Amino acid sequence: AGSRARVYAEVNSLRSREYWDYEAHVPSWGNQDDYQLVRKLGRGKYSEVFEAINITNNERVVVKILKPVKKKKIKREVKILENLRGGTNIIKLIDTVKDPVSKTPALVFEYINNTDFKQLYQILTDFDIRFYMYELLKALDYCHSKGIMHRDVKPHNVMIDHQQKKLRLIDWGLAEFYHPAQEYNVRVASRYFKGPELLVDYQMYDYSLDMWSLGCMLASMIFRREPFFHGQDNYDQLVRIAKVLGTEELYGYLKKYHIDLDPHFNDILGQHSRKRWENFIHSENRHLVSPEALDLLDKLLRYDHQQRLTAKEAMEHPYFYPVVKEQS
């Protein structure tokens, strides 16, 4: 009873238990022998990802082979992806398969011909940023409405085909179902995209974590500083945030939620005023920054998770009016 989401708070409790009780989920595991691996795309602590071809129909796909011991976590990701079926700009799960001999599981996703983000983010126009952020927000509003927090929003997990103008939010392996008053593990998200709640060990967080991460992405795009908050470790990450948002403002947040602050911070936080967002503007980024971009950003990058815009409120902001007009 410390904090709850302003939107979609009870949505899982209003659904059948089967919807959110992923430990009880029984996937249907098809045959990986239908897929030919063509090229390694990446590796992570839990998986390796390959471009592949379905030899039965010639479809190009991506196969994520799961390090197989994490059974509850596999069920979680599979159930989440089933529940998100058809969601706007969510990567499409085509099938759940196993090597028929070893029984190692894998997930098969639609292919996206993505443009490497480091390159891409140096060439985006003002309209491009509005467009891609609006499309990403559609995915977040969808998953939040489905009772799910992504918990790993970051540029790599936002595939963008800049030629076909397609965006997909990938890598649901850290995602979780939101339940009011539930305490969650704070060891989620990439360092640079972790909300202050995670950095101060506040476990009663919600969908608004993803809105901090989105705000970090927005700042990086309009200001051309990627990542925007570049901490050296989790402690320094909060310091970098506080140098922008201010230290007195941090303490007000902690007091509101009765958050205990790890005393190692006492020696490193210093004293910082809250900075004006206009301080980040210079000749190299001025064409990407508007009053409406800064107003939106200011309402996303807030310590107080409750006061951040929801994905829907963000979509409704004037910054996106030019995109809505084109889509209509």
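Only the largest set of C-alpha atoms that superpose within 1.5 Å between the two forms is called the rigid core. Numbers for residues come from their place in the sequence shown, where the first is 1.
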Which of these two stretches, 314-322 or 5-13, has the larger RMS Cα offset in 9 other deposited structures of this protein when the rigid core is kept aligned?
5-13
Name the stretch, 180-188 or 113-121, whose C-alpha atoms sit farther from the shown form on average in 9 other deposited structures of this protein, taking the rigid core as the superposition reference.
113-121
Greater mean Cα temperature factor according to the PDB record, 115-123 or 242-250:
115-123
Would you mind comparing 59-67 and 288-296 for me and telling me which has the higher average C-alpha temperature factor in the entry?
59-67
Per the PDB entry, which option out of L107, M149, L214, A181 has the greatest Cα B factor?
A181
Per the coordinate record, which of the options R130, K138, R191, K72 holds the highest CA temperature factor?
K72
Per the entry's values, where does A9 land by CA temperature factor relative to the rest of its chain, in the lowest, middle or highest third?
middle
For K92, the third of its chain by CA B-factor is the middle
Which third, lowest, middle or highest, does the CA B-factor of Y142 fall in along this chain?
lowest
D21: which third of its chain by C-alpha temperature factor?
middle
Split the chain's modelled residues into thirds by Cα B-factor; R225 lands in the lowest
